[PDB]
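No Cβ is skipped: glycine too gets one built from the backbone with ideal geometry, and neighbour counts run over all protein chains shown. Rule-based calculations on the coordinates, nothing more; no lab input.
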Amino acid sequence: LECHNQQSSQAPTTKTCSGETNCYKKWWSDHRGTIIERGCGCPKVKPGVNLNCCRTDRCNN
């Protein structure tokens, strides 16, 4: 699957994974502002950080 792996609001990017079927997209609002990360899988996090898995191409755009 061609998911996304670009942190912050920098120049987007695309890549393929060899194993995981679903991806995700996490983000939060720190003192610095708002940040967003991606990755192939569906982990969890401690209260305070948002995250959501998906099974669509560039779903974590």
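Conditions tested, residue by residue: (1) among the hydrophobic types (A, V, I, L, M, F, W, C); (2) without any contact (Cβ under 8 Å) to a residue 12 or more places away in the chain.
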site: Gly33; (1), (2): no, yes
site: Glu37; (1), (2): no, no
site: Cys53; (1), (2): yes, no
site: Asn60; (1), (2): no, no
Open item on the list: For the range 1-32, give me each residue that is surrounded by 13 or more Cβ atoms within 10 Å (Cβ to Cβ) and farther than 14 Å from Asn61 by Cβ.
Closed with: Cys17, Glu20, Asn22, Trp28
